[PDB]
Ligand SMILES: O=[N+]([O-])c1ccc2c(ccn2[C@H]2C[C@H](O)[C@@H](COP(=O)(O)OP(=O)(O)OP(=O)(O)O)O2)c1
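In the block that follows, a single chain appears as structure tokens, in the form solved without this ligand.
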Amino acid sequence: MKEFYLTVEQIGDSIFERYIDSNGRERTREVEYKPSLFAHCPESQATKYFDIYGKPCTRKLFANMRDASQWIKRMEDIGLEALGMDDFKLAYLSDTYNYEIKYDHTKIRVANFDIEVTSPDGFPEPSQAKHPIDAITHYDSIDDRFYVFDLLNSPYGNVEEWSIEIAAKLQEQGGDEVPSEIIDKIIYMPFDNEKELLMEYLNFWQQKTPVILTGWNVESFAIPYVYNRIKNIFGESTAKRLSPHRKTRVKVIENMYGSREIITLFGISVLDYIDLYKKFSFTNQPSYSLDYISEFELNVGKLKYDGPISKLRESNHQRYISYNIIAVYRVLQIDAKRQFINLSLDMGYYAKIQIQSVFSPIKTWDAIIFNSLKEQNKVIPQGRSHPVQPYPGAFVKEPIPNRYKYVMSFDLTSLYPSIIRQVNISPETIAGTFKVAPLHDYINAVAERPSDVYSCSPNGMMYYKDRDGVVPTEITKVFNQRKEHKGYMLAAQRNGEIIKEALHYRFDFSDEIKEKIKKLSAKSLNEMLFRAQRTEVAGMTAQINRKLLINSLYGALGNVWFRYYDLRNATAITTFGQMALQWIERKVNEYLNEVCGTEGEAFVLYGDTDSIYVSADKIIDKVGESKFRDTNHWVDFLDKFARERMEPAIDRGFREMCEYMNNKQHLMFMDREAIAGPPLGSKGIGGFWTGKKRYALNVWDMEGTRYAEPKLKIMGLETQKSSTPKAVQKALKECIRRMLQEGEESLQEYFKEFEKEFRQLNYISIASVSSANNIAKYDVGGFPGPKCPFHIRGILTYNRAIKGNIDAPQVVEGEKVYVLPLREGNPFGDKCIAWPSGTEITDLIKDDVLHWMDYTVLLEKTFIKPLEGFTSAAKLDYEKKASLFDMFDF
């Protein structure tokens, strides 16, 4: 097999790399790497090395890496560019691995672990590690085994051993329902004391040292906890054994109010799963805990247990340990679904970076561009320092707040990356400046053509048109690779099924390879379909990773810490987008006025960053609503009209803009997204806007896919807000469903009924939610001080009423919290109360809270008020005989 790296670290003047050798064995090596860096030289001197500006550069080889750094500082002090890859780990990887890295995941130790720490006095802080580690479940991907470490004796109890037998049994049998898939894979180790467990774990760690170390919240908790626990007990020198190179950096990151401890374990790649999810699932989840995410992804979640976690070990050690086994397994299941680790390995090996740098677009892009330019003997720029200077961003239109009966939306694809390639934006491609007219002038073609020589963005910038820019080239390359790998994708995935359906690879091979294959087999047709499906697996991941690069380019480009950052270019990109969405609002409005025989009608009712929303009202009126045999008939009509009449007019429009800005190539393409409207022959309103980023739509067709039942596309509204009570999210969604599909009378009936039935709803279902941030800041001795927000006052009411019970769950800084208003004259002595979320409120006050809460204020605050928002905008009433003069701001 072809050699590939596992981890890389620079320590002093050495690279410490762990890598898989040519056979497949994991080994480690220490190289005294000699980096090269580059300086500008006379045109007299001949090299093969040029900077991206075409200026010639001397390659300077250094005896070691400390000579290189000291040269850079010394070159900085003189005032001359010191160019080339300043991060030597990367430059090393580029040197040692000058080929397309093929990697065998089978030879990469991916560790999955979670610990348990019984704490009777609140959250066990990792940087303290006050309390003993009583359970460690560590999953190893090579042995494919769950190594379970069980503390039998601790200050908090002596417990029996965990039973594998009981664990397997059903819930109703007294069992833990530990999945049969893992029962023969658990390896169990009880211990008599914490010292033995920890040292056996550490000795386990040296034998089976992780390459990729993952698991839920491991980077914020499990890892610092273990390190500090071992540090504090055995000495720092023992805790450092947790690194295959015995070097650890202790880092304290700062927040929006506080800080956090992270431990860098040199020679290991920490890919916390809570980060691998946030990064590459793309789903704005309301809670990022493992219970939720696991329920979401697997509909199974974490193991249930009676009582507080802090009393679990003594009351039910059996549940406790299995709880810890399932936790790890849950994580492994999610990854069996999403493949986020393999995604990371693929990206990390593609860009040739440390795998943990996948969370950095800057690092990933820098390397991709570095390797690319190195291959053509080019030299990258020195990272220049830059003042963080806000520039203009995405355009969003003010919508006139209204009901909107028929809407079609359109989206420019990859707007920003597309703009880069279209205008040819790149540091070295900057041609010059032109006088800037107001943006609206360029938007209306009224302005003077900026240049007939150079490619242009309406921010005043001019770019070389002939040249191939670094940035535009490197992104085009990724676009191409995307198409390519989606090519093998839609081949092994598409042509593959021909082999599968017959039983009853990158390109669909000639009808001689497909011909000589027709003999029904158990060794062939059904075991060679395993190949075609495993091939498309590779297609997906390669394509997802290209998509991820494409979208995370502007972010890197807009970051002052990026080698290729340039404020005028960032501003060029976004300003160009700003004109492009609005130029096409003009072009669509003009086309639709011509076609409809109207003049000066606002068809585009909303536009946001890369997409427009278009009223289809008059287009329907042209046919007249009455010629459609059903809903699906007009959805057909509008779809055809879009693809046939509207999109060529859109393309004609953008082609005109391209000639106007004099761009290198025309890459402004709009797909048609949603088609929305009411069900035929109904009183529904279809859709409505209340303002920027707030709207609901009744959608029948999202780009191609024609839905069975209609589905609500709701954006920004209270339904989409975790702060909204469970019951109330539900009702407002219904309120909206009823508004759009059924009409005003439906809504009024629903409103009346819910209002009538409010007090019979669960108190948890009707309590609002919010995060507890800056709890101290407004805590004036347990009472609310100046400027104190409503929910924190709510907490400081719970506290005073609760200061004295240890059984009572304390409210912690950071924690999400149920809030409830309280009726005047309440014992609790305040306008509201708040308690920890996802929990029933303690019996000590519960029955008295349920008595004092203000239903009127609650319903008004969380339901009626935001409803009034929707109905006001949609020109509807949620109850009869509402005087129409309310509409006016007298």
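Don't overthink the numbering: it's just position in the shown sequence, from 1.
This next part talks about the form solved in complex with this ligand, which is not shown.
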Requested in this report: Please state whether every one of the three residues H40, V110 and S141 places a non-hydrogen atom within 4.5 angstroms of this ligand in the entry with it bound.
Outcome: no
Query raised in the report: So in the entry with it bound, does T433 come within 4.5 Å of this ligand, heavy atom to heavy atom?
Result: yes
Query raised in the report: For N459, is any heavy atom within 4.5 Å of this ligand in the entry with it bound, or not?
Result: yes
**Report entry** Touches this ligand in the entry with it bound: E177 (any heavy atom, 4.5 Å)
**Finding:** no
Query raised in the report: Just to confirm, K302 within 4.5 Å of this ligand in the entry with it bound by heavy atoms?
Result: no
Report task. From the candidate stretches 846 to 854, 819 to 827, 860 to 868, 57 to 65, select the single one in contact with this ligand in the entry with it bound, where contact means a heavy atom within 4.5 Å. Result -> 57 to 65
Report task. Note which of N98, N774, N805, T238 lies within 4.5 Å of this ligand in the entry with it bound, where distance is taken over heavy atoms; exactly one does. Result -> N98
**Report entry** Listed residue that, although this ligand is not shown, lies within 4.5 Å of it in the entry with it bound (heavy atoms), from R793, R313, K374, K89
**Finding:** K374
